[PDB]
Structures are given as C-alpha cells and as structure tokens.
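Worksheet for the structure shown next.
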Amino acid sequence: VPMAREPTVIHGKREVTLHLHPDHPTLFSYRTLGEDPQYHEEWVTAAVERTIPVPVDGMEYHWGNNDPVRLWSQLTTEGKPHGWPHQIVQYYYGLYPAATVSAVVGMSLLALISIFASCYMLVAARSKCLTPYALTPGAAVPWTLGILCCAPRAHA
Amino acid sequence: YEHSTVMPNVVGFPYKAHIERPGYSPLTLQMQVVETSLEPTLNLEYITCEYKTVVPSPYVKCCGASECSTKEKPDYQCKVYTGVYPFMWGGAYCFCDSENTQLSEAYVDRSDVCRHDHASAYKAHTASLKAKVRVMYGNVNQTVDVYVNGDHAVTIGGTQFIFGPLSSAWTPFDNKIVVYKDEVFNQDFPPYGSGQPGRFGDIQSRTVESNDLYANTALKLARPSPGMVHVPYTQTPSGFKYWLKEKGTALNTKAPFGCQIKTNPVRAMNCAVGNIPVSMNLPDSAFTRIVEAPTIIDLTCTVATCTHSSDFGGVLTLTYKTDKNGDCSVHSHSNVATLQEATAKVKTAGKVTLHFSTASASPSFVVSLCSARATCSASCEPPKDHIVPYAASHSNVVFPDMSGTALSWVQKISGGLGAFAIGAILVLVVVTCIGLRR
Amino acid sequence: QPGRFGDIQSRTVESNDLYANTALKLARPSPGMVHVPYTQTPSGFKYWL
Ligand SMILES: *[C@@H]1O[C@H](CO)[C@@H](O[C@@H]2O[C@H](CO)[C@@H](O[C@@H]3O[C@H](CO)[C@@H](O)[C@H](O)[C@@H]3O)[C@H](O)[C@H]2NC(C)=O)[C@H](O)[C@H]1NC(C)=O
Ligand SMILES: *[C@@H]1O[C@H](CO)[C@@H](O[C@@H]2O[C@H](CO)[C@@H](O[C@@H]3O[C@H](CO)[C@@H](O)[C@H](O)[C@@H]3O)[C@H](O)[C@H]2NC(C)=O)[C@H](O)[C@H]1NC(C)=O
C-alpha cells in the first residue's frame, strides 16, 4: 500500500494550520490527548486546509498510512512578566484567560471595600469628636482648630 | 534501609528519588517508566459472522400431494404449494394438468469463513496494570518488568523494589466490549438469544467451534411463478455487513489520556493517569561511608538564566569549598524545578553548574550538593516558540513564589491598605476612649 | 512556499537563475530494488489554476 505525503504544518497560538495534498481519497483523523478528547475523522478527497487545536496536553493526527505524529503546545504568551502591574496582568491573562480576570476583580473589590470602610471610620470619628463643641458658643481651641479641619476655619 | 516514594505515571518522565541515611552519604536513584500495559479481564459471550442461506432443490410431486415436515435447524422454513405445473428445457413434466404439489425448503447456516472473519462480544472488568521500568543509579543500569500492584518485588542489583497499586481506578473499557480484528468498540450488544434481524448479532454462536446456532433474519418463502422452478424467497440482509458499514468511530481513535488500544490481547498501552507508589529496601553496600565522601561547606546558589520551557531551559551555578575532589549526589527538594542529572563532579576550584526545567514565572527551591544546602530563586522569561514535538519535562506548577515580583506588589499594596485601616481604627478608638474617660 | 502559487520563480522566461522550494525529500530504497524513491509536495501552479 502507498504512504501519502507529509502535510505542511504552520504553527500558531495553540493551533496548527495544516495543508493537505492528497492524490486519492485518504483518511485524516486527529484527537486531543487530554482528559476530554476532541474527536474527529474525515475522508479527505481534494486539496484542503485544516486548522486543529493543540492544547498544553498535546494532540496526535493520523494522515493516511503514515505513523501518527504528536504535537505539544508550549507555555507561551504575549505579556511582560516582572514589569509594571499592568504587564503582569497581561502575562497572566495570555495564560489561563479565565481566572486572572476573576482574581483581579476580587482583589479590586476587596481594596475598594477596605478603603471605603477606612474613610467611613475617619468621617464617623470626626463627627463624634466635633459635635459636642457644636452645641455651645465656645472657642474652637486654635491648637485643635489647626489639627483637625472643622467647618469654621477662623470664625469662632 | 526501608524507603518509600511516589512517582508520576508519565512515560519518559525523569523521576529521581533522594535517599538520605543519616550515617552515610546521600544517594540519588533514577527511575523511569519506559512502557505500561493495562490488561482487562474478558469473558467471551458469543461470536457473530455473516450468514449463508442454503436452499436445497425443490421436490415436485407429479400427480400427488406432499406433506411438510418440521426440523430442528436454525431459522427453518418449509411450505407446500398446490397447483403447480412446472416446465423443463425439453418439455413440461408432471403430466397431470393441475394435480401437483411443490415443497420449498430453506434454512440459515453459519458462513464458510466464520472462523477467519468474525466479531467477538466480551465483558470487561477489573483491569490489571503492568509496566516496564528502567532503574539506574551508582554504576548499575538495567530495565526490569514488573506488575503494578503491591504483590511483586523485583531485585535490581541487590535492591528490592515494590511498585504499589495505581492511585486511580480508571479504565477506558466500558462493561461491554466488541472486538473485531485490531479494533475495540464500546458497544451495548443484545444478550444471547435475543438478537434482531438486520442489525448486529442477527446470528449468534456461543463459540467459534460451537455447534449450536441462533439465527433470526425473518426468512420467508413465496409462491413460485407459473411455469418455473426456482423456489423464491425473501430475507433481510446480513447484520454483520451492515454493522461493518456503519459501526461508527472506534476506541483506538477515541480513548482519553492519549493511550493506544491494541488487540490480542486487548490492552491500553502507555496511558498516562495517576501516581505509582514505590517501596524499596536497600542493602548496606549501596551507600558510601561519610568518611569516603568529600565535605562541602559554604554552598551558594546563583541562577544564570531561566526560561520556563518544556526542555531544560535553566542554568544553575554552585560555589563551595572542598578539601578533595570526588562525586556528589545533587537533588532538588521541590517539584517546581526538575534537575537533569543525579551526579556532579566536585573539585577544588569551587564551581559547578547544573541544568533544571521549570514551568513557573518565579521558582523557589532548595538544592543540595552531597551534605550541603542552598536556596535558589530566579526570574524566568517565557519561551518564544509556539509548538514543540516533545513532551514537557517539568511537573507543571505555576504558582509563583511569595517573594516574586507580583506577590511582592500584592504584599506592598495590601500592607499600605492595612496600615490605613489600622490608623482609622486607632483614631476611632482614641476618640471613643477620650469621650469615655470624661 | 511549497504547494501554493509561486513555489518556483524565475526573473524572466529566458533567465538562467531559478528559485525552487517544493519540499523534495529522498527516502531509503526498499531491499532488493533499484528505484531511488522520493516524495514531493505537488505543483503550486496547477493548484493555483
Ligand atoms: C400416468 O399418468 C396418469 C394420468 O394420465 C396418472 O394417473 C393419475 O394417478 C393419480 C394417482 O396415481 C390420480 O390422482 C388421484 O387419483 C384418485 C383415484 O381415485 C382420485 O380419486 C384423486 O382425486 C386423484 O385424482 C390421478 O387422478 C390419475 N389421473 C388420471 C387417471 O387421469 C398415473 O399415475 C401416471 N402413472 C404413474 C406411474 O404415476
Ligand atoms: C542505560 O541503558 C540504556 C539502554 O542500553 C542506555 O540508553 C542507550 O543510550 C545509547 C547512547 O546514546 C543509545 O545509543 C544511541 O542511540 C541513538 C538514538 O538515536 C542512536 O542514534 C545511536 O546510533 C546509538 O544507537 C541507545 O539507543 C540507548 N538505548 C535506549 C533503549 O534508548 C542508557 O544510556 C544507559 N544509562 C547510562 C547512564 O548510560
């Protein structure tokens, strides 16, 4: 039996573009060799072009009578690690683009809650420490007047 | 000296085990799983093949009537037709004009080559796993064949190895299996004695050599045409051929975890899942007395370049001070970085280099040269190439060190916010306590 | 590129120079034969047509 020609591979980001040149109907099949495989098989007849996914687990494709060939993706991305805070997020978003967003959102809401609580504590403390002196026509104690920014800057 | 460890069930992974006897020099073993084989247990149910309808010649009774008789044959059919006036090449015999009777007989039989082209229906349960592990250390190589269950101890150069049961219990074969030539199908075949015409297992034989046969193909007979002798009949086509045409997929090209299915015997080889516990028992001659081994002091670790790629894309340097030159047993005590070698030549110069493979942006692991220790930290850049034809040589851990850049930024920001919060709490408490003190 | 338009190119019709990239790879001959096997990606001009 004859062995068909090897296809031309073009590497992408977790993808392989595959140029197929048959002379007579050959069988082309591939599977992703992870926990949940991506099954597919076909009877390629004319000159076609296929795009097939290659996760970090890897995959194998069987073209005609040739032996199966396995390809593994590599931990590559587009961000810049060990840079400014807006570049580490890009680096960890190119990899795993589903947990980085959730973690960033969680941290941002935690920071907002903390800063709002702190500002509320400051406002409440000022209200507590300013209202007893706001019920009598008394001096604001310029020593205390300078320290805390109350409503009357200099008027009593 | 009893020792235990757990090694991944990944073919080709360079697992290295570190053995520390307090009275002697450390030892490093290299174990590697060259090949596995997951053998299930089968119980043959029946055998299916194409059928062959045999039609004996009709019996035409001239000037008389014939009576049908029953027989014990698989899917037997017999009928008698009255009023036939057959013809032959020269002249029409059965000289009576209309007092004739034809008897038609047909029955199904197993094909001629059913012992060469047939499909088997099995039942698979309780798979048993096998392996072929290569163990090298010191100056002893050699590959051995083992059973992966805690009931087989093999001796390699005076050392006894027991490979414990697999961590998981996952088998790609379902309860019912159909095997044809060199292909395995996860199919739900009908039970023996209840096949259906036109589909898989229309005729079922308990064994390829069994005499008993159960055939169900809706064979029927029709009245012959006038002036002919042909025994008409109608029959639903073979179920085996139509199963061949539309069986659909397989298990060879559908199995998970990237493991090949084979036949004779059925087995799923090189199938990466789970962990393989290991138990050892080493003799006193494998270790070296501490007096013979060189002494290592002032061990400092610096990383020249790092790159979290599949290949060994990191370089590490160790500086020390030594009295005499010899050999040491390097090891990395965390699975973040996987070293390449298990021995290194120490010399009076005070410099040695090692290569590691990692998959994290910022690793943090402790490396030991003979009896010394040193902590290494580094910053690693991603690789430029998109796809490689070899499997990864790291343990695939991605969480960075707590002293890395990103986590340092998180620590600084959280510390600033916590300082603000503590200041707010202190101000509020001071105000309340001043109000209460009065 | 092999298999597509312009896998072989020439400056002009009568030009002596020629650039060809068709992925021509030789294979080991079978035992007891003299046939110099090879494999090659089909013509790009025909598939362009
Ligand atoms: C030679 O041919 C003659 C026909 O020309 C055959 O005679 C036929 O014989 C059969 C039985 O031997 C007859 O069938 C039955 O006969 C009984 C007689 O009472 C009748 O009651 C039934 O209703 C039925 O017809 C048939 O009638 C008869 N035909 C005739 C006489 O014309 C003869 O059998 C042939 N020779 C041999 C050796 O078979
Ligand atoms: C322990 O034993 C194994 C098996 O004997 C050793 O592996 C063997 O290493 C040699 C040296 O590289 C290999 O020979 C060469 O293999 C290449 C592979 O392409 C080939 O092109 C060369 O012509 C040459 O044959 C040999 O294949 C290899 N064996 C296997 C089964 O892979 C191993 O090196 C030994 N351990 C130590 C520490 O020496």
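Following the order of the structure tokens, chains are lettered A, B, ..., residues in each are numbered from 1, and ligands are numbered from 1.
Residues surrounding residue 97 of chain B within 7 Å are residues 85, 95 and 99 of chain B [only C-alpha atoms; sequence separation below 2 positions excluded].
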Can you build me a table of chain A residues sitting at most 7 Å from chain B, with the closest atom pair per residue and its distance in Å to one decimal, using only C-alpha atoms, sorted by chain and residue number, as a tab-separated table?
residue	atom	partner	partner_atom	distance
A:11	CA	B:387	CA	6.5
A:12	CA	B:386	CA	6.4
A:13	CA	B:386	CA	6.2
A:31	CA	B:253	CA	6.9
A:33	CA	B:258	CA	4.1
A:34	CA	B:257	CA	4.9
A:35	CA	B:257	CA	5.4
A:36	CA	B:256	CA	6.2
A:37	CA	B:256	CA	5.8
A:39	CA	B:254	CA	6.2
A:70	CA	B:389	CA	6.6
A:71	CA	B:389	CA	4.9
A:72	CA	B:388	CA	5.6
A:73	CA	B:387	CA	4.5
A:74	CA	B:387	CA	5.5
A:75	CA	B:309	CA	6.8
A:76	CA	B:383	CA	5.8
A:82	CA	B:405	CA	5.7
A:88	CA	B:406	CA	6.9
A:118	CA	B:421	CA	5.3
A:121	CA	B:424	CA	5.9
A:122	CA	B:424	CA	5.9
A:125	CA	B:428	CA	5.2
A:129	CA	B:431	CA	6.5
Within 12 Å of ligand 1, counting only C-alpha atoms and all ligand atoms: which residues, as an mmCIF file with N, CA and C atoms, in the first residue's frame?
data_model
loop_
_atom_site.group_PDB
_atom_site.id
_atom_site.type_symbol
_atom_site.label_atom_id
_atom_site.label_comp_id
_atom_site.auth_asym_id
_atom_site.auth_seq_id
_atom_site.Cartn_x
_atom_site.Cartn_y
_atom_site.Cartn_z
ATOM 1 N N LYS B 61 -43.892 -33.205 -6.810
ATOM 2 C CA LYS B 61 -44.567 -34.497 -6.819
ATOM 3 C C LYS B 61 -45.559 -34.514 -7.974
ATOM 4 N N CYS B 62 -45.318 -35.387 -8.946
ATOM 5 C CA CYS B 62 -46.189 -35.493 -10.108
ATOM 6 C C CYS B 62 -47.404 -36.340 -9.754
ATOM 7 N N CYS B 63 -48.595 -35.756 -9.891
ATOM 8 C CA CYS B 63 -49.861 -36.445 -9.641
ATOM 9 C C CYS B 63 -49.913 -36.981 -8.205
ATOM 10 N N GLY B 64 -49.891 -36.037 -7.273
ATOM 11 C CA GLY B 64 -49.947 -36.388 -5.868
ATOM 12 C C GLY B 64 -49.871 -35.150 -5.004
ATOM 13 N N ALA B 65 -49.795 -35.381 -3.694
ATOM 14 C CA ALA B 65 -49.683 -34.306 -2.721
ATOM 15 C C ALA B 65 -48.610 -34.661 -1.705
ATOM 16 N N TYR B 93 -42.814 -31.707 -17.426
ATOM 17 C CA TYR B 93 -43.124 -32.978 -16.787
ATOM 18 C C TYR B 93 -44.195 -32.736 -15.723
ATOM 19 N N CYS B 94 -44.488 -33.754 -14.909
ATOM 20 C CA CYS B 94 -45.689 -33.779 -14.071
ATOM 21 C C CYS B 94 -46.937 -33.642 -14.947
ATOM 22 N N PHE B 95 -47.150 -34.703 -15.721
ATOM 23 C CA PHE B 95 -48.069 -34.753 -16.851
ATOM 24 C C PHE B 95 -49.500 -34.396 -16.462
ATOM 25 N N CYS B 96 -49.859 -34.608 -15.198
ATOM 26 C CA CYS B 96 -51.154 -34.154 -14.704
ATOM 27 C C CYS B 96 -51.282 -32.646 -14.876
ATOM 28 N N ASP B 97 -52.461 -32.199 -15.316
ATOM 29 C CA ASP B 97 -52.635 -30.790 -15.656
ATOM 30 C C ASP B 97 -52.524 -29.889 -14.429
ATOM 31 N N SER B 98 -53.191 -30.249 -13.332
ATOM 32 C CA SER B 98 -53.219 -29.382 -12.161
ATOM 33 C C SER B 98 -53.060 -30.099 -10.830
ATOM 34 N N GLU B 99 -52.929 -31.423 -10.804
ATOM 35 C CA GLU B 99 -52.780 -32.156 -9.546
ATOM 36 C C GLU B 99 -51.293 -32.383 -9.267
ATOM 37 N N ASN B 100 -50.644 -31.318 -8.809
ATOM 38 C CA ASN B 100 -49.234 -31.357 -8.460
ATOM 39 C C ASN B 100 -49.002 -30.535 -7.202
ATOM 40 N N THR B 101 -47.847 -30.752 -6.578
ATOM 41 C CA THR B 101 -47.505 -30.044 -5.354
ATOM 42 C C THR B 101 -45.996 -29.882 -5.276
#
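For ligand 2, the neighbouring polymer residues at 12 Å or closer are residues 12, 29, 30, 31, 32, 34, 35, 133, 134, 135, 136, 137, 138, 139, 140, 141, 142, 143, 144, 341, 342 and 343 of chain B, only C-alpha atoms and all ligand atoms being used.
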Next, write the just-selected residues to a file, as a PDB file, in the first residue's frame, keeping N, CA and C atoms as the atom set.
ATOM      1  N   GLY B  12       8.405   8.306  30.251  1.00  0.00           N
ATOM      2  CA  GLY B  12       9.555   9.118  29.921  1.00  0.00           C
ATOM      3  C   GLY B  12       9.916  10.184  30.933  1.00  0.00           C
ATOM      4  N   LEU B  29      18.533   7.966  43.134  1.00  0.00           N
ATOM      5  CA  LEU B  29      18.124   6.945  42.184  1.00  0.00           C
ATOM      6  C   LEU B  29      17.381   7.598  41.030  1.00  0.00           C
ATOM      7  N   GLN B  30      17.476   6.991  39.851  1.00  0.00           N
ATOM      8  CA  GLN B  30      16.743   7.456  38.682  1.00  0.00           C
ATOM      9  C   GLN B  30      15.832   6.340  38.199  1.00  0.00           C
ATOM     10  N   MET B  31      14.527   6.547  38.325  1.00  0.00           N
ATOM     11  CA  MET B  31      13.529   5.599  37.856  1.00  0.00           C
ATOM     12  C   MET B  31      12.759   6.214  36.698  1.00  0.00           C
ATOM     13  N   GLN B  32      12.394   5.384  35.725  1.00  0.00           N
ATOM     14  CA  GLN B  32      11.748   5.876  34.517  1.00  0.00           C
ATOM     15  C   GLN B  32      10.826   4.799  33.969  1.00  0.00           C
ATOM     16  N   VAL B  34       9.337   3.162  31.104  1.00  0.00           N
ATOM     17  CA  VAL B  34       9.512   3.050  29.661  1.00  0.00           C
ATOM     18  C   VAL B  34       8.196   2.714  28.968  1.00  0.00           C
ATOM     19  N   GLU B  35       7.372   1.860  29.570  1.00  0.00           N
ATOM     20  CA  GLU B  35       6.171   1.371  28.909  1.00  0.00           C
ATOM     21  C   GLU B  35       5.224   0.789  29.947  1.00  0.00           C
ATOM     22  N   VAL B 133       9.907  -0.770  33.853  1.00  0.00           N
ATOM     23  CA  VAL B 133      10.572   0.378  34.457  1.00  0.00           C
ATOM     24  C   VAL B 133      12.078   0.211  34.335  1.00  0.00           C
ATOM     25  N   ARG B 134      12.761   1.298  33.987  1.00  0.00           N
ATOM     26  CA  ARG B 134      14.215   1.332  33.923  1.00  0.00           C
ATOM     27  C   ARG B 134      14.758   2.051  35.148  1.00  0.00           C
ATOM     28  N   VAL B 135      15.645   1.384  35.880  1.00  0.00           N
ATOM     29  CA  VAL B 135      16.215   1.911  37.112  1.00  0.00           C
ATOM     30  C   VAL B 135      17.726   1.973  36.956  1.00  0.00           C
ATOM     31  N   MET B 136      18.298   3.154  37.178  1.00  0.00           N
ATOM     32  CA  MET B 136      19.741   3.324  37.123  1.00  0.00           C
ATOM     33  C   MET B 136      20.199   4.185  38.287  1.00  0.00           C
ATOM     34  N   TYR B 137      21.337   3.816  38.867  1.00  0.00           N
ATOM     35  CA  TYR B 137      21.940   4.551  39.969  1.00  0.00           C
ATOM     36  C   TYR B 137      23.351   4.026  40.166  1.00  0.00           C
ATOM     37  N   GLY B 138      24.164   4.809  40.870  1.00  0.00           N
ATOM     38  CA  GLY B 138      25.535   4.416  41.127  1.00  0.00           C
ATOM     39  C   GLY B 138      26.268   4.075  39.848  1.00  0.00           C
ATOM     40  N   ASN B 139      26.565   2.788  39.662  1.00  0.00           N
ATOM     41  CA  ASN B 139      27.132   2.298  38.411  1.00  0.00           C
ATOM     42  C   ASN B 139      26.318   1.140  37.844  1.00  0.00           C
ATOM     43  N   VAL B 140      25.051   1.014  38.229  1.00  0.00           N
ATOM     44  CA  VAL B 140      24.204  -0.089  37.792  1.00  0.00           C
ATOM     45  C   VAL B 140      23.054   0.467  36.961  1.00  0.00           C
ATOM     46  N   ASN B 141      23.001   0.053  35.701  1.00  0.00           N
ATOM     47  CA  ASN B 141      21.886   0.300  34.800  1.00  0.00           C
ATOM     48  C   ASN B 141      20.899  -0.858  34.965  1.00  0.00           C
ATOM     49  N   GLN B 142      19.976  -1.030  34.002  1.00  0.00           N
ATOM     50  CA  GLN B 142      19.140  -2.218  33.763  1.00  0.00           C
ATOM     51  C   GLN B 142      17.651  -1.903  33.847  1.00  0.00           C
ATOM     52  N   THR B 143      16.878  -2.484  32.932  1.00  0.00           N
ATOM     53  CA  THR B 143      15.431  -2.341  32.870  1.00  0.00           C
ATOM     54  C   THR B 143      14.775  -3.659  33.260  1.00  0.00           C
ATOM     55  N   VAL B 144      13.692  -3.581  34.034  1.00  0.00           N
ATOM     56  CA  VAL B 144      13.004  -4.766  34.528  1.00  0.00           C
ATOM     57  C   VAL B 144      11.527  -4.677  34.179  1.00  0.00           C
ATOM     58  N   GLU B 341      20.487  15.927  36.063  1.00  0.00           N
ATOM     59  CA  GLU B 341      21.440  14.898  36.443  1.00  0.00           C
ATOM     60  C   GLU B 341      21.247  14.509  37.900  1.00  0.00           C
ATOM     61  N   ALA B 342      21.852  13.384  38.271  1.00  0.00           N
ATOM     62  CA  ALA B 342      21.851  12.919  39.647  1.00  0.00           C
ATOM     63  C   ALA B 342      23.248  12.818  40.236  1.00  0.00           C
ATOM     64  N   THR B 343      24.282  13.172  39.479  1.00  0.00           N
ATOM     65  CA  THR B 343      25.645  13.201  39.982  1.00  0.00           C
ATOM     66  C   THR B 343      26.343  14.439  39.445  1.00  0.00           C
TER      67      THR B 343
END
Requested in this report: Mind checking which residues fall within 12 Å of residue 154 of chain A, counting only C-alpha atoms, ignoring those fewer than 3 positions away in the same chain, and posting them as an MDAnalysis selection string?
Outcome: chainID A and resid 139:146 149:151
Select from chain A every residue with an atom at most 9 Å from any atom of chain C, then for each give the shortest pair of atoms and their distance in Å to one decimal, using only C-alpha atoms, rows by chain and rising number, as CSV.
residue,atom,partner,partner_atom,distance
A:4,CA,C:39,CA,8.8
A:5,CA,C:39,CA,6.6
A:6,CA,C:41,CA,8.4
A:7,CA,C:41,CA,8.4
A:8,CA,C:2,CA,8.4
A:19,CA,C:3,CA,8.3
A:21,CA,C:42,CA,7.2
A:47,CA,C:47,CA,8.2
With N, CA and C atoms retained, export the selected residues as a short mmCIF file (atom, residue, chain, number, x, y, z; two decimals), in the first residue's frame.
data_model
loop_
_atom_site.label_atom_id
_atom_site.label_comp_id
_atom_site.auth_asym_id
_atom_site.auth_seq_id
_atom_site.Cartn_x
_atom_site.Cartn_y
_atom_site.Cartn_z
N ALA A 4 1.04 8.33 1.95
CA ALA A 4 0.79 9.66 1.42
C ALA A 4 1.84 10.64 1.91
N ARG A 5 1.91 11.79 1.24
CA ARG A 5 2.89 12.81 1.57
C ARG A 5 2.61 13.41 2.94
N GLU A 6 3.67 13.89 3.58
CA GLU A 6 3.52 14.59 4.84
C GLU A 6 2.94 15.98 4.59
N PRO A 7 2.00 16.43 5.42
CA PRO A 7 1.41 17.76 5.24
C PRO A 7 2.36 18.85 5.71
N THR A 8 2.03 20.08 5.32
CA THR A 8 2.80 21.25 5.71
C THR A 8 2.17 21.88 6.95
N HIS A 19 -1.83 21.95 5.81
CA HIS A 19 -2.10 21.92 4.37
C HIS A 19 -2.02 20.48 3.88
N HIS A 21 -2.46 17.59 0.85
CA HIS A 21 -2.36 17.39 -0.60
C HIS A 21 -2.49 15.91 -0.94
N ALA A 47 -7.63 18.79 -2.42
CA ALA A 47 -6.65 19.60 -1.70
C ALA A 47 -7.38 20.55 -0.75
#
Requested in this report: Within segment 15-104 of chain A, find each residue whose DSSP state, derived from the backbone, is strand (DSSP E), and express the selection as an MDAnalysis selection string.
Outcome: chainID A and resid 15:20 26:32 40:44 48:53 59:63 69:73
Please save N, CA and C atoms of the selected residues as a compact mmCIF listing (two decimals), in the first residue's frame.
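Output saved as selection20.txt:
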# COMPACT_ATOMS: atom_id res chain seq x y z
N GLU A 15 -2.62 26.29 18.07
CA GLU A 15 -3.27 25.86 16.84
C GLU A 15 -2.21 25.47 15.82
N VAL A 16 -2.57 24.54 14.95
CA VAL A 16 -1.73 24.14 13.83
C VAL A 16 -2.56 24.25 12.56
N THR A 17 -2.08 25.06 11.61
CA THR A 17 -2.69 25.13 10.29
C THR A 17 -2.03 24.08 9.41
N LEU A 18 -2.85 23.26 8.76
CA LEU A 18 -2.38 22.01 8.17
C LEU A 18 -2.80 21.96 6.71
N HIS A 19 -1.83 21.95 5.81
CA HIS A 19 -2.10 21.92 4.37
C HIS A 19 -2.02 20.48 3.88
N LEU A 20 -3.10 20.00 3.28
CA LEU A 20 -3.25 18.60 2.91
C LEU A 20 -3.29 18.47 1.40
N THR A 26 -7.83 9.71 1.03
CA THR A 26 -7.15 9.23 2.22
C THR A 26 -7.93 9.62 3.46
N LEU A 27 -7.70 8.89 4.55
CA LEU A 27 -8.38 9.15 5.81
C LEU A 27 -7.51 10.02 6.70
N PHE A 28 -8.09 11.10 7.21
CA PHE A 28 -7.41 12.01 8.12
C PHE A 28 -8.18 12.05 9.43
N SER A 29 -7.47 11.83 10.54
CA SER A 29 -8.12 11.82 11.84
C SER A 29 -7.14 12.32 12.89
N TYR A 30 -7.67 13.01 13.89
CA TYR A 30 -6.87 13.55 14.98
C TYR A 30 -7.67 13.47 16.26
N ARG A 31 -6.95 13.53 17.39
CA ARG A 31 -7.61 13.59 18.69
C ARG A 31 -6.71 14.35 19.65
N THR A 32 -7.34 15.05 20.58
CA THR A 32 -6.63 15.78 21.62
C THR A 32 -6.44 14.86 22.81
N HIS A 40 -12.46 13.64 15.93
CA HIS A 40 -12.82 13.98 14.56
C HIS A 40 -12.08 13.06 13.60
N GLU A 41 -12.76 12.65 12.53
CA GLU A 41 -12.14 11.88 11.46
C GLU A 41 -12.90 12.14 10.17
N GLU A 42 -12.18 12.08 9.05
CA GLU A 42 -12.74 12.54 7.78
C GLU A 42 -12.04 11.83 6.63
N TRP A 43 -12.73 11.78 5.49
CA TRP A 43 -12.22 11.19 4.25
C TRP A 43 -11.83 12.34 3.32
N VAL A 44 -10.59 12.80 3.44
CA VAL A 44 -10.13 13.91 2.61
C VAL A 44 -9.95 13.43 1.18
N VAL A 48 -7.18 20.37 0.55
CA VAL A 48 -7.89 21.15 1.55
C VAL A 48 -6.90 21.78 2.52
N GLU A 49 -7.43 22.45 3.54
CA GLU A 49 -6.62 23.14 4.53
C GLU A 49 -7.36 23.09 5.86
N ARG A 50 -6.70 22.58 6.89
CA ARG A 50 -7.35 22.32 8.17
C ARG A 50 -6.65 23.09 9.28
N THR A 51 -7.45 23.52 10.26
CA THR A 51 -6.95 24.13 11.48
C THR A 51 -7.37 23.26 12.66
N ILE A 52 -6.40 22.84 13.45
CA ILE A 52 -6.63 21.86 14.51
C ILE A 52 -6.05 22.36 15.83
N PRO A 53 -6.76 22.22 16.94
CA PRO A 53 -6.29 22.80 18.20
C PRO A 53 -5.28 21.91 18.91
N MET A 59 -1.63 16.73 21.18
CA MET A 59 -2.56 16.02 20.32
C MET A 59 -1.78 15.24 19.27
N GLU A 60 -2.47 14.29 18.64
CA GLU A 60 -1.89 13.47 17.59
C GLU A 60 -2.83 13.44 16.39
N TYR A 61 -2.24 13.36 15.20
CA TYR A 61 -3.02 13.29 13.97
C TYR A 61 -2.48 12.17 13.09
N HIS A 62 -3.39 11.47 12.41
CA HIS A 62 -3.08 10.29 11.62
C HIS A 62 -3.47 10.56 10.18
N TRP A 63 -2.49 10.71 9.30
CA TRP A 63 -2.71 11.13 7.92
C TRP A 63 -2.36 9.98 6.99
N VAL A 69 1.61 11.28 14.47
CA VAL A 69 2.57 12.28 14.92
C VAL A 69 1.93 13.10 16.03
N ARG A 70 2.66 13.31 17.11
CA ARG A 70 2.16 14.02 18.27
C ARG A 70 2.82 15.39 18.37
N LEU A 71 2.02 16.39 18.74
CA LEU A 71 2.49 17.77 18.88
C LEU A 71 2.01 18.33 20.21
N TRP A 72 2.91 19.00 20.92
CA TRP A 72 2.62 19.58 22.23
C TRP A 72 2.80 21.09 22.16
N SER A 73 1.83 21.82 22.70
CA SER A 73 1.95 23.26 22.78
C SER A 73 2.89 23.64 23.92
Requested in this report: Run DSSP on the backbone and give me the residues of chain A it puts in alpha helix (DSSP H), as a PyMOL selection string.
Outcome: chain A and resi 85-94+99-130+142-147
Report summary line: Using only C-alpha atoms, the shortest atom-to-atom distance to residue 147 of chain B among B:174, B:39, B:188, B:112 belongs to B:39
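With only C-alpha atoms taken into account, the protein and nucleic acid residues at most 12 Å from residue 88 of chain B (excluding it and anything under 2 positions from it in its own chain) are residues 85, 86, 90, 91, 92, 93, 94, 227, 228, 229 and 230 of chain B.
The spacing separating atom CA of residue 9 of chain B from atom CA of residue 159 of chain B amounts to 21.5 Å.
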Report task. Please provide the set of residues having any atom within 12 Å of residue 169 of chain B, restricted to only C-alpha atoms, with same-chain residues fewer than 2 positions apart removed, written as a ChimeraX atom specification. Result -> /B:38,125-129,165-167,171-173,273-275
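Distances to residue 19 of chain C were evaluated for C:6, C:31, C:44, C:49 using only C-alpha atoms, and the minimum falls at C:6.
The coordinates place atom CA of residue 347 of chain B at 8.7 Å from atom CA of residue 321 of chain B.
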